[PDB]
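J.: Before anything else, here's the structure in question.
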Amino acid sequence: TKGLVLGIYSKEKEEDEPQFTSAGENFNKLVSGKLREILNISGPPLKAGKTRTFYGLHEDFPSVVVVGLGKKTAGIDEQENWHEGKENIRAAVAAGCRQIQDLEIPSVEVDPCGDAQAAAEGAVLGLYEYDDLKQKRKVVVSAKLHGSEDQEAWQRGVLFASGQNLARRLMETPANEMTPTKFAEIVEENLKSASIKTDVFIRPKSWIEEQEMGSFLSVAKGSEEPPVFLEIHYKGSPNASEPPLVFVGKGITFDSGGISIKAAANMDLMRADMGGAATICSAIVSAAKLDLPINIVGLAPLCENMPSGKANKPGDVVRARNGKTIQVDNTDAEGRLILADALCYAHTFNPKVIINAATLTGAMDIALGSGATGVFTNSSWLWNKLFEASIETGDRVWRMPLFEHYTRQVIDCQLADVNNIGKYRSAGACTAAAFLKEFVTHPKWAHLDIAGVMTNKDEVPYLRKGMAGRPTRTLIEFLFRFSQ
Amino acid sequence: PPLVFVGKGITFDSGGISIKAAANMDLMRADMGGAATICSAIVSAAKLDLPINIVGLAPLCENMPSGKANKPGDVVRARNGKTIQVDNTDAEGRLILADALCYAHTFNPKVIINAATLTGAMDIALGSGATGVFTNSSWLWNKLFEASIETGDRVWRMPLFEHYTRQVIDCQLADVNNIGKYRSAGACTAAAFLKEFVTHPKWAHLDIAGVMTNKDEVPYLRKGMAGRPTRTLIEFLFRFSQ
Amino acid sequence: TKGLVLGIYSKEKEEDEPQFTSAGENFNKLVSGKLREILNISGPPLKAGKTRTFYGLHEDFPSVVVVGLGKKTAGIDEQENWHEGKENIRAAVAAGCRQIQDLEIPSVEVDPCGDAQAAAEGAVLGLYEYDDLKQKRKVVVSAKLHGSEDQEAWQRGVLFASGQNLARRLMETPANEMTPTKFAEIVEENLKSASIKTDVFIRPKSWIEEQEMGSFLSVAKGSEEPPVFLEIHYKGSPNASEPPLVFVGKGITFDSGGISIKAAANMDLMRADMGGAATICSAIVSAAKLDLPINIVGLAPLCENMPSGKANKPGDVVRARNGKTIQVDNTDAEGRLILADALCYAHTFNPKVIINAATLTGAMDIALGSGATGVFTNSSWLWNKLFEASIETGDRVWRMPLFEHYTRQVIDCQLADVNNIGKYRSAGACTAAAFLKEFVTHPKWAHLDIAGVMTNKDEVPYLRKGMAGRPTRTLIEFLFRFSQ
Ligand SMILES: CC(C)C[C@H](N)C(=O)O
Ligand SMILES: CC(C)C[C@H](N)C(=O)O
Ligand SMILES: CC(C)C[C@H](N)C(=O)O
Ligand SMILES: [Zn+2]
Ligand SMILES: [Zn+2]
Ligand SMILES: [Zn+2]
Ligand SMILES: [Zn+2]
Ligand SMILES: [Zn+2]
Ligand SMILES: [Zn+2]
Ligand SMILES: [Zn+2]
Ligand SMILES: [Zn+2]
């Protein structure tokens, strides 16, 4: 019928037994001490992230899963740059919820564990799974807050997690289904359901050609799938003339590499080469659901990178919207090409800040893996705001260098103004970022390379195996704090 | 109490049984750059007669293939008793450093700083733009960072997260594995491996693989081995003595 | 204190509820129906291989793990060539035992589940783990039969499984510890503890040179680790003159490939390139513990294959004990070289049958993976005996062709009588087997290529991740049936 997830902390030295949360101690009382008695009989105490299931304790809750929360007073961890307490909660709740799902129970009530937003994030992120195309599926579990106190915190958590889950769905979906047009239509419907203060323009190829986006066009032409330039507006500020914050996302729905073709091994993961677009767009949908009082513009060039009789050829020279020429030495370095045009266009909105996200380089994954998103920025103020936000969400960011040293390696070019791959193979993520800087004149610009946090195997406990949707929540948190 | 410096001194790295490719392998004669930089820094500090006690430690050897070489899968015991599964014999720097770092604790040092031309991943990460610094002390990071601003031989901080430690302690046969479960974040997992041999509150690991050579990036250095970041190390010691 | 593992079958159509085993129904009675009541409350029924834990049902058994046994009347599966019932039991019991271990309980009593030997095999194979070199270890669990009926079947199972576990330990152990000498000394002590009717000779290099084993010597010389030729005798027949069954095993303690050097990726697994020697030797130890009334001889050439200033060089020609010359075109095809000499020597015992086992070719893994061991034999009688035995143990065998078509590809040789790698890359396991046949004149010879069943990830439910020790039990079963 209905399941229940309860938390218990690790025992502190001067305590006689590990302490339950408020909901845990109360439940124990409701069942006349039966919960504590059975936990004692079952064996060793529960450590952070571990779970244990007890049956028949109450007629309304035939299955009760107790989860280990770790140390009660865990706050900000200086070594890890995150709030440890929140991370323990998200992981423990996800584990509890999955045990309830394995038991095939359709609904679960969750202990707020001293921080309802984090508990909600663990349940919602933890239970997610993309199974639309399978006949064999797990039971759909409805998770709700146990109790009626602090409902707003719980709901804030569901909102944040739902935002990241949308990014995951968009990324996980096979490319033949998640085409440039389909992605745009899904985002449009999600933003419009979130708020009536929105405008969406799924700009077609003719518009792209009118905007002189020759760099973006050179990439798209190799494929038979039509390209689109997604532009979204969220008018949340009281003053309509208030300059917007602009977000830009790389939307390659599928990257085969083009003529500079990729190796077969694990190339299926390239259906998520639109993760940049998925994360910034989901962040705008959430900000819109939250009705944040700020104006926001989202831009996402979308297309496929395929080999054919009309594809980009190594050595070809293309002209960006701003007139700069680019020598396309490697057709698989296509993200920086489409972003050159999107970033130029971003300046037309005379924005307050410009933030782009992209699953850009294999070098970023080699650099930091899934530990943190790499952030390249010309503004320490901006770096600090993103960093602070990440400490709260736990979806970490780490700063990478924007030095002229790297710019030199991309402007040293045989045929044009700038080369799309550096002279050397060293510092791939840094030279890619340097390339993007040639298309930015704004004082507050940040580039997020999310190639390393594209997927999850088991690094983040509360995310099942698959596309991660990172760092959506950090983006939402940043916008939230910015609006205040 | 002395400040202790540790340097990887592989005079030549062929890779061993997990043999390297021929292309540009000659550059591996500089796989002792860690030892060269910390030792030169101590020589300079000594010429300057800085009023501080300093200890320098450098394990030195060659990594070659032969009838008695390390074999993939072999398990070895570090000075501190921890066991290590040698899955890849070319990840030899972390092996020699495990013992040198354990030994460093015997001097009951104020700080521990090691330098090593450790991973190809560091070069892929930052190239010759800056030396990667992994540290459990923000105070220490700040002192190294400030020094680098003055010398121009830049440093950039890299993450020491438990996330990476998990990938090296997940080991089939022993306490710790000498290469991670995945190929991602090579420099971070190597640093995590080293942390298992450090209990000191002020330790910094400098991966200088990317600043090993100079083609033309640093205008004032001709083509060849760079000797970076020696001056940043000297500046750090100078400021520390004052 | 003490744990209990009980089995339950899947419900048959005309039954009202799934049926417990005899021990399960009795336990339920002891606790006045409390087990059935709690299982009913907990949810969905237990399917094959699944488990569920119940706490506080009895003061002597604070943790009771019920395991799904599948269909009660599962017998020989014609599609799978095995006894399905036994496989369900082994897997279910292993799962139950591991849950008890995770709970950190030092001892468990196990339900015989209608077949005590299979239940014992699941518990013993299931709990095994090589952790001698780790500081962090799981609790040591002592598993015993629940009840006192059919103790001989239970013990037979512990014997068979212990035999396979020894092969696993020998294979898993790092090569710097598991050297040719060390392997020989460990086997010697195990055989001698098993029976006083044994003789072991750890033949040194000088003996190998006297026996004119130039092929085996060419492989060993590249390494600084001394080679040994292990010879073991088990005199179990009442008639000492009774011709022995001879077993031969490839004992490469570490295979780097030599001058024809292997790639770095996963080369650590080559510490198990002595699996052939480990399996035939463990089989002889078990047969000896069982005091089977048959004479058996075990032969295992042991050495390392390393690159150095004195290693085998591609193109070198070496002379086998029987005088045939071999062109060593690829130094990584070293197993067939050492086996040429061991097989020649095997004929000196004027054996009844000759069985060799070897982790010989990557081609065998590509051919059948871990599904079955490949068997090449010139005797259909012998094939049938091995096949029948495998149906009982579940550690399957599959016949591979010994055709002259393959022999032609190895005798077509530029410089010598036979080439150590075929003219073409096709049918690697078949040409390797053809090569071995040139050193065999016996009418009942079987070659077992176990390269594909060297390791286990999760294919065999009851074996944890690591070296598998397959197909030891099939070898023991064969010897058992042969003695009767
Ligand atoms: C690893 C990937 C993120 C590579 C990236 N798709 C590049 O455009 O090919
Ligand atoms: C690129 C190099 C610094 C690699 C490093 N010598 C490792 O031990 O093989
Ligand atoms: C895959 C392996 C079983 C290969 C085998 N060791 C050969 O001698 O190299
Ligand atoms: Zn997709
Ligand atoms: Zn690409
Ligand atoms: Zn791409
Ligand atoms: Zn190396
Ligand atoms: Zn090295
Ligand atoms: Zn071994
Ligand atoms: Zn070989
Ligand atoms: Zn071999």
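Residue numbering restarts at 1 in every chain; chains get A, B, ... in the order shown in the structure tokens, and ligands count up from 1 in that same order.
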Identify, counting only C-alpha atoms and all ligand atoms, the protein, DNA and RNA residues located within 6 Å of ligand 7, and give them as a PyMOL selection string.

T.: chain B and resi 13+15+90-92

J.: Based on the selection just made, write N, CA and C atoms of those residues as a short mmCIF file (atom, residue, chain, number, x, y, z; two decimals), in the first residue's frame.

T.:
```
data_model
loop_
_atom_site.label_atom_id
_atom_site.label_comp_id
_atom_site.auth_asym_id
_atom_site.auth_seq_id
_atom_site.Cartn_x
_atom_site.Cartn_y
_atom_site.Cartn_z
N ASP B 13 61.98 6.96 -17.87
CA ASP B 13 60.73 6.20 -17.82
C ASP B 13 60.36 5.61 -19.20
N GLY B 15 58.31 3.05 -19.18
CA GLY B 15 56.98 2.54 -18.88
C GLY B 15 57.03 1.15 -18.25
N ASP B 90 53.54 1.77 -15.65
CA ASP B 90 53.93 3.11 -16.11
C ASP B 90 53.37 4.18 -15.16
N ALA B 91 52.59 3.77 -14.16
CA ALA B 91 52.09 4.71 -13.15
C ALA B 91 53.07 4.48 -11.99
N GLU B 92 54.36 4.62 -12.30
CA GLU B 92 55.42 4.36 -11.32
C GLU B 92 55.77 5.50 -10.37
#
```

J.: Within 10 Å of chain B, which residues of chain C are there when counting only C-alpha atoms? Please give them as an mmCIF file with C-alpha atoms, in the first residue's frame.

T.:
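Saved file result.cif follows:
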```cif
data_model
loop_
_atom_site.group_PDB
_atom_site.id
_atom_site.type_symbol
_atom_site.label_atom_id
_atom_site.label_comp_id
_atom_site.auth_asym_id
_atom_site.auth_seq_id
_atom_site.Cartn_x
_atom_site.Cartn_y
_atom_site.Cartn_z
ATOM 1 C CA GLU C 129 36.629 -13.898 -1.537
ATOM 2 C CA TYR C 130 40.439 -13.510 -1.844
ATOM 3 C CA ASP C 131 41.293 -10.797 0.714
ATOM 4 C CA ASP C 132 44.570 -11.948 2.262
ATOM 5 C CA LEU C 133 46.305 -8.750 1.209
ATOM 6 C CA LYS C 134 43.724 -6.223 2.402
ATOM 7 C CA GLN C 135 43.306 -4.465 5.764
ATOM 8 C CA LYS C 136 39.570 -3.952 5.164
ATOM 9 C CA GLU C 172 43.697 -14.647 -8.101
ATOM 10 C CA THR C 173 46.992 -14.416 -6.155
ATOM 11 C CA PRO C 174 49.387 -11.758 -7.594
ATOM 12 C CA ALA C 175 52.204 -13.251 -9.717
ATOM 13 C CA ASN C 176 55.019 -11.868 -7.562
ATOM 14 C CA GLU C 177 53.619 -14.065 -4.757
ATOM 15 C CA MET C 178 52.304 -16.947 -6.928
ATOM 16 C CA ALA C 220 61.125 -19.748 -19.310
ATOM 17 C CA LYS C 221 64.573 -18.314 -20.130
ATOM 18 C CA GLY C 222 63.329 -14.773 -20.757
ATOM 19 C CA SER C 223 62.523 -14.338 -17.053
ATOM 20 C CA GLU C 224 64.731 -14.287 -13.913
ATOM 21 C CA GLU C 225 62.137 -16.432 -12.064
ATOM 22 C CA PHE C 254 52.590 -14.404 -15.611
ATOM 23 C CA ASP C 255 52.255 -13.740 -19.333
ATOM 24 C CA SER C 256 53.578 -10.364 -20.563
ATOM 25 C CA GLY C 257 53.761 -11.799 -24.081
ATOM 26 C CA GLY C 258 57.568 -11.624 -24.210
ATOM 27 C CA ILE C 261 54.621 -7.857 -25.956
ATOM 28 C CA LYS C 262 50.993 -7.488 -24.840
ATOM 29 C CA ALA C 263 49.102 -4.175 -24.640
ATOM 30 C CA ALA C 264 48.889 -2.603 -21.146
ATOM 31 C CA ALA C 265 45.090 -2.667 -20.784
ATOM 32 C CA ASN C 266 43.995 -5.332 -18.291
ATOM 33 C CA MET C 267 47.302 -7.161 -18.539
ATOM 34 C CA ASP C 268 47.066 -7.736 -14.747
ATOM 35 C CA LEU C 269 44.594 -10.558 -15.520
ATOM 36 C CA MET C 270 47.539 -12.516 -16.981
ATOM 37 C CA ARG C 271 48.542 -13.484 -13.432
ATOM 38 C CA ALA C 272 45.836 -16.152 -14.044
ATOM 39 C CA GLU C 304 56.936 -16.743 -16.556
ATOM 40 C CA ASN C 305 56.893 -15.275 -20.091
ATOM 41 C CA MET C 306 58.950 -12.032 -19.904
ATOM 42 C CA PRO C 307 60.889 -9.705 -22.290
ATOM 43 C CA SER C 308 64.650 -9.401 -21.751
ATOM 44 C CA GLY C 309 68.118 -9.720 -23.247
ATOM 45 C CA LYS C 310 67.785 -13.510 -23.344
ATOM 46 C CA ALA C 311 64.109 -13.966 -24.231
ATOM 47 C CA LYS C 465 33.745 -10.857 -9.233
ATOM 48 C CA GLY C 466 37.215 -12.277 -9.949
#
```

J.: Select all residues from chain C having any atom no more than 7 Å from an atom of chain A (counting only C-alpha atoms, ignoring ligands), output as a compact mmCIF listing (two decimals) with N, CA and C atoms, in the first residue's frame.

T.:
```
# COMPACT_ATOMS: atom_id res chain seq x y z
N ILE C 38 4.58 -12.80 8.11
CA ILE C 38 5.43 -11.66 7.77
C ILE C 38 5.78 -11.63 6.27
N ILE C 41 2.81 -10.16 4.49
CA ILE C 41 2.76 -8.72 4.71
C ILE C 41 3.80 -7.94 3.88
N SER C 42 4.99 -8.52 3.72
CA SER C 42 6.09 -7.87 3.00
C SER C 42 5.88 -7.56 1.52
N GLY C 43 4.90 -8.21 0.88
CA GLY C 43 4.66 -7.90 -0.52
C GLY C 43 4.67 -9.01 -1.57
N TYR C 55 13.45 -9.91 10.59
CA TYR C 55 14.08 -9.79 11.90
C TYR C 55 13.26 -10.19 13.14
N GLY C 56 13.97 -10.66 14.16
CA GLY C 56 13.35 -11.04 15.41
C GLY C 56 12.31 -12.14 15.46
N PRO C 62 17.96 -14.09 14.99
CA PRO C 62 17.53 -12.69 14.88
C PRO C 62 17.40 -12.18 13.44
N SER C 63 18.08 -12.84 12.50
CA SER C 63 18.02 -12.51 11.08
C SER C 63 17.71 -13.78 10.29
N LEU C 103 25.28 -8.31 6.93
CA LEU C 103 24.73 -8.04 8.26
C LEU C 103 25.82 -8.27 9.32
```

J.: Just list the residues in range 278-427 of chain A DSSP gives strand (DSSP E or B) on the backbone, as a ChimeraX atom specification.

T.: /A:295-305,316-319,325-328,354-358,373-377,397-400,418-419

J.: Counting only C-alpha atoms and all ligand atoms, which protein, DNA or RNA residues come within 9 Å of ligand 1, given as an NGL selection string?

T.: :A and (252 or 254-257 or 262 or 269-270 or 272-274 or 305 or 331-336 or 358-365 or 449-452 or 454)

J.: Give me the residues near range 398-406 of chain C as a compact mmCIF listing (two decimals) with N, CA and C atoms, in the first residue's frame, where near means some atom within 6 Å (using only C-alpha atoms) and where sequence neighbours in that chain fewer than 6 positions away do not count.

T.:
```txt
# COMPACT_ATOMS: atom_id res chain seq x y z
N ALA C 372 30.76 -21.59 -21.73
CA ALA C 372 31.23 -22.97 -21.61
C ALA C 372 32.71 -23.09 -21.94
N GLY C 374 35.73 -24.81 -23.92
CA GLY C 374 35.85 -25.45 -25.22
C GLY C 374 36.62 -26.75 -25.10
N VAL C 375 36.08 -27.84 -25.64
CA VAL C 375 36.72 -29.14 -25.57
C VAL C 375 37.03 -29.70 -26.95
N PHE C 376 38.31 -29.95 -27.21
CA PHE C 376 38.79 -30.51 -28.46
C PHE C 376 39.24 -31.93 -28.13
N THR C 431 43.36 -23.91 -34.43
CA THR C 431 44.72 -24.10 -34.92
C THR C 431 45.66 -24.37 -33.72
N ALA C 434 45.14 -27.87 -32.96
CA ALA C 434 45.77 -28.68 -34.00
C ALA C 434 47.27 -28.78 -33.69
```

J.: Could the residues that lie within 10 Å of ligand 8, counting only C-alpha atoms and all ligand atoms, be listed as a PDB file with N, CA and C atoms, in the first residue's frame?

T.:
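Wrote part.pdb, looks like this:
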```pdb
ATOM      1  N   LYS B   8      59.871  13.411  -7.312  1.00  0.00           N
ATOM      2  CA  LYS B   8      59.911  12.161  -8.086  1.00  0.00           C
ATOM      3  C   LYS B   8      61.186  12.170  -8.958  1.00  0.00           C
ATOM      4  N   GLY B   9      62.068  11.205  -8.739  1.00  0.00           N
ATOM      5  CA  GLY B   9      63.302  11.154  -9.505  1.00  0.00           C
ATOM      6  C   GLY B   9      63.477   9.977 -10.452  1.00  0.00           C
ATOM      7  N   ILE B  10      62.574   9.804 -11.412  1.00  0.00           N
ATOM      8  CA  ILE B  10      62.710   8.710 -12.372  1.00  0.00           C
ATOM      9  C   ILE B  10      63.647   9.270 -13.450  1.00  0.00           C
ATOM     10  N   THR B  11      64.888   8.790 -13.469  1.00  0.00           N
ATOM     11  CA  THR B  11      65.884   9.284 -14.423  1.00  0.00           C
ATOM     12  C   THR B  11      65.545   8.948 -15.881  1.00  0.00           C
ATOM     13  N   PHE B  12      64.801   7.861 -16.067  1.00  0.00           N
ATOM     14  CA  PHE B  12      64.274   7.478 -17.367  1.00  0.00           C
ATOM     15  C   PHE B  12      63.062   6.583 -17.201  1.00  0.00           C
ATOM     16  N   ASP B  13      61.977   6.959 -17.867  1.00  0.00           N
ATOM     17  CA  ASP B  13      60.730   6.199 -17.825  1.00  0.00           C
ATOM     18  C   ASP B  13      60.361   5.608 -19.199  1.00  0.00           C
ATOM     19  N   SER B  14      60.565   4.299 -19.341  1.00  0.00           N
ATOM     20  CA  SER B  14      60.234   3.567 -20.560  1.00  0.00           C
ATOM     21  C   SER B  14      58.800   3.049 -20.415  1.00  0.00           C
ATOM     22  N   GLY B  15      58.307   3.048 -19.177  1.00  0.00           N
ATOM     23  CA  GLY B  15      56.980   2.539 -18.881  1.00  0.00           C
ATOM     24  C   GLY B  15      57.033   1.148 -18.245  1.00  0.00           C
ATOM     25  N   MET B  28      61.304  11.507 -21.865  1.00  0.00           N
ATOM     26  CA  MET B  28      61.200  10.847 -20.553  1.00  0.00           C
ATOM     27  C   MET B  28      62.492  10.878 -19.736  1.00  0.00           C
ATOM     28  N   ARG B  29      63.569  11.393 -20.336  1.00  0.00           N
ATOM     29  CA  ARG B  29      64.819  11.566 -19.596  1.00  0.00           C
ATOM     30  C   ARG B  29      64.543  12.683 -18.565  1.00  0.00           C
ATOM     31  N   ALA B  30      63.459  13.442 -18.749  1.00  0.00           N
ATOM     32  CA  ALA B  30      63.123  14.522 -17.806  1.00  0.00           C
ATOM     33  C   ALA B  30      62.080  14.126 -16.765  1.00  0.00           C
ATOM     34  N   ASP B  31      61.848  12.820 -16.619  1.00  0.00           N
ATOM     35  CA  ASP B  31      60.863  12.316 -15.655  1.00  0.00           C
ATOM     36  C   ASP B  31      61.384  12.404 -14.199  1.00  0.00           C
ATOM     37  N   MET B  32      62.505  13.111 -14.050  1.00  0.00           N
ATOM     38  CA  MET B  32      63.119  13.398 -12.761  1.00  0.00           C
ATOM     39  C   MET B  32      62.987  14.922 -12.492  1.00  0.00           C
ATOM     40  N   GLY B  33      62.110  15.588 -13.248  1.00  0.00           N
ATOM     41  CA  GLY B  33      61.904  17.021 -13.087  1.00  0.00           C
ATOM     42  C   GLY B  33      61.446  17.430 -11.697  1.00  0.00           C
ATOM     43  N   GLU B  62      65.386   4.115 -12.411  1.00  0.00           N
ATOM     44  CA  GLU B  62      64.920   4.010 -13.789  1.00  0.00           C
ATOM     45  C   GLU B  62      63.733   3.050 -13.804  1.00  0.00           C
ATOM     46  N   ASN B  63      62.851   3.196 -14.791  1.00  0.00           N
ATOM     47  CA  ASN B  63      61.694   2.301 -14.940  1.00  0.00           C
ATOM     48  C   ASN B  63      61.908   1.602 -16.289  1.00  0.00           C
ATOM     49  N   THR B  89      52.379  -0.608 -14.808  1.00  0.00           N
ATOM     50  CA  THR B  89      53.749  -0.313 -14.381  1.00  0.00           C
ATOM     51  C   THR B  89      54.276   1.084 -14.780  1.00  0.00           C
ATOM     52  N   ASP B  90      53.545   1.774 -15.655  1.00  0.00           N
ATOM     53  CA  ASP B  90      53.926   3.112 -16.108  1.00  0.00           C
ATOM     54  C   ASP B  90      53.367   4.184 -15.158  1.00  0.00           C
ATOM     55  N   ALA B  91      52.591   3.769 -14.159  1.00  0.00           N
ATOM     56  CA  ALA B  91      52.088   4.706 -13.151  1.00  0.00           C
ATOM     57  C   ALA B  91      53.070   4.475 -11.990  1.00  0.00           C
ATOM     58  N   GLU B  92      54.360   4.618 -12.297  1.00  0.00           N
ATOM     59  CA  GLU B  92      55.424   4.360 -11.323  1.00  0.00           C
ATOM     60  C   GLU B  92      55.772   5.499 -10.365  1.00  0.00           C
ATOM     61  N   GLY B  93      55.472   6.734 -10.744  1.00  0.00           N
ATOM     62  CA  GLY B  93      55.795   7.855  -9.881  1.00  0.00           C
ATOM     63  C   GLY B  93      55.056   7.825  -8.567  1.00  0.00           C
ATOM     64  N   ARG B  94      53.778   7.456  -8.616  1.00  0.00           N
ATOM     65  CA  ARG B  94      52.997   7.416  -7.381  1.00  0.00           C
ATOM     66  C   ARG B  94      53.495   6.316  -6.462  1.00  0.00           C
ATOM     67  N   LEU B  95      54.114   5.295  -7.049  1.00  0.00           N
ATOM     68  CA  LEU B  95      54.674   4.187  -6.267  1.00  0.00           C
ATOM     69  C   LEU B  95      55.912   4.638  -5.485  1.00  0.00           C
ATOM     70  N   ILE B  96      56.843   5.314  -6.154  1.00  0.00           N
ATOM     71  CA  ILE B  96      58.053   5.741  -5.468  1.00  0.00           C
ATOM     72  C   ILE B  96      57.753   6.865  -4.484  1.00  0.00           C
ATOM     73  N   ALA B 116      56.177  16.548  -9.008  1.00  0.00           N
ATOM     74  CA  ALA B 116      56.366  15.387  -9.882  1.00  0.00           C
ATOM     75  C   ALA B 116      55.815  15.592 -11.284  1.00  0.00           C
ATOM     76  N   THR B 117      56.548  15.092 -12.281  1.00  0.00           N
ATOM     77  CA  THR B 117      56.120  15.130 -13.695  1.00  0.00           C
ATOM     78  C   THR B 117      55.287  13.838 -13.693  1.00  0.00           C
ATOM     79  N   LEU B 118      54.120  13.910 -13.056  1.00  0.00           N
ATOM     80  CA  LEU B 118      53.305  12.727 -12.831  1.00  0.00           C
ATOM     81  C   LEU B 118      52.350  12.162 -13.864  1.00  0.00           C
ATOM     82  N   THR B 119      51.473  12.978 -14.433  1.00  0.00           N
ATOM     83  CA  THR B 119      50.495  12.412 -15.352  1.00  0.00           C
ATOM     84  C   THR B 119      50.389  13.107 -16.681  1.00  0.00           C
ATOM     85  N   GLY B 120      50.095  12.326 -17.721  1.00  0.00           N
ATOM     86  CA  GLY B 120      49.881  12.900 -19.037  1.00  0.00           C
ATOM     87  C   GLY B 120      48.581  13.701 -18.965  1.00  0.00           C
ATOM     88  N   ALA B 209      53.988  17.912 -15.028  1.00  0.00           N
ATOM     89  CA  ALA B 209      54.097  17.224 -16.321  1.00  0.00           C
ATOM     90  C   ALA B 209      53.835  18.159 -17.512  1.00  0.00           C
TER      91      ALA B 209
END
```

J.: Assign secondary structure with DSSP using the backbone only, and return the residues of range 69-152 of chain B in alpha helix (DSSP H) as number ranges by chain.

T.: B: 93-104, 120-126, 138-151

J.: Using only C-alpha atoms, determine which residues lie at most 6 Å from range 189-205 of chain C, disregarding the query and same-chain residues fewer than 3 positions distant; provide the list as a list in words.

T.: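 That gives residues 186, 208, 228, 229, 230, 231, 232, 233, 234, 235, 285, 288 and 289 of chain C.
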
J.: I need the residues from that last selection saved to file as a CSV table (one decimal), in the first residue's frame (with N, CA, C and O atoms), if you can.

T.:
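Done, and the output landed in selection25.csv:
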```csv
chain,number,residue,atom,x,y,z
C,186,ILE,N,52.4,-24.8,-2.7
C,186,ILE,CA,51.1,-24.8,-2.2
C,186,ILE,C,50.3,-26.0,-2.6
C,186,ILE,O,49.6,-26.7,-1.8
C,208,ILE,N,64.6,-30.5,-16.1
C,208,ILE,CA,63.9,-30.1,-17.4
C,208,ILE,C,64.9,-30.2,-18.5
C,208,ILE,O,64.5,-30.6,-19.6
C,228,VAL,N,59.9,-24.6,-13.0
C,228,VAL,CA,59.7,-25.9,-12.3
C,228,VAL,C,58.7,-26.7,-13.1
C,228,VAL,O,57.9,-26.2,-13.8
C,229,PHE,N,58.9,-28.0,-13.1
C,229,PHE,CA,57.9,-28.9,-13.8
C,229,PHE,C,57.3,-29.7,-12.7
C,229,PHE,O,57.9,-30.6,-12.1
C,230,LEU,N,56.1,-29.4,-12.3
C,230,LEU,CA,55.4,-30.1,-11.2
C,230,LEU,C,54.8,-31.4,-11.7
C,230,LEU,O,54.0,-31.5,-12.6
C,231,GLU,N,55.1,-32.5,-10.9
C,231,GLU,CA,54.6,-33.8,-11.2
C,231,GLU,C,54.0,-34.3,-9.9
C,231,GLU,O,54.7,-34.4,-8.9
C,232,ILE,N,52.8,-34.7,-10.0
C,232,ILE,CA,52.1,-35.3,-8.8
C,232,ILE,C,51.5,-36.6,-9.1
C,232,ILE,O,51.0,-36.9,-10.2
C,233,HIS,N,51.6,-37.5,-8.1
C,233,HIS,CA,51.0,-38.9,-8.2
C,233,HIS,C,50.0,-39.1,-7.1
C,233,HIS,O,50.3,-38.9,-5.9
C,234,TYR,N,48.8,-39.6,-7.5
C,234,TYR,CA,47.8,-40.0,-6.5
C,234,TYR,C,47.6,-41.5,-6.8
C,234,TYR,O,47.0,-41.9,-7.8
C,235,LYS,N,48.0,-42.4,-5.9
C,235,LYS,CA,47.9,-43.8,-6.0
C,235,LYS,C,46.7,-44.4,-5.3
C,235,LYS,O,46.8,-45.1,-4.3
C,285,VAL,N,43.5,-32.9,-6.1
C,285,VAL,CA,43.5,-32.8,-4.6
C,285,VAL,C,42.1,-33.2,-4.1
C,285,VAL,O,42.1,-34.0,-3.1
C,288,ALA,N,41.7,-36.9,-4.4
C,288,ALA,CA,42.5,-37.5,-3.3
C,288,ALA,C,41.7,-37.4,-2.0
C,288,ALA,O,41.7,-38.4,-1.2
C,289,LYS,N,41.0,-36.3,-1.7
C,289,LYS,CA,40.3,-36.2,-0.5
C,289,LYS,C,39.2,-37.2,-0.4
C,289,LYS,O,38.8,-37.8,0.6
```

J.: Figure out the distance between CA of residue 353 in chain C and CA of residue 381 in chain C, please, to one decimal in Å.

T.: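 Rounded to one decimal, the two atoms are 10.9 Å apart.
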
J.: Take CA of residue 103 in chain B and CA of residue 6 in chain B and report the distance between them in Å, one decimal.

T.: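 CA of residue 6 in chain B lies 9.8 Å from CA of residue 103 in chain B.
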
J.: Quick one: residues within 12 Å of range 319-324 of chain A, only C-alpha atoms, excluding same-chain residues fewer than 6 positions away - as an MDAnalysis selection string?

T.: chainID A and resid 208:218 336:348 411 415:419 435:436 438:441

J.: Leaving out residue 105 in chain B and any residue of its chain fewer than 6 positions from it, which residues lie within 9 Å of it when counting only C-alpha atoms, given as a list in words?

T.: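 Everything that qualifies: residues 4, 112, 198, 199 and 200 of chain B.
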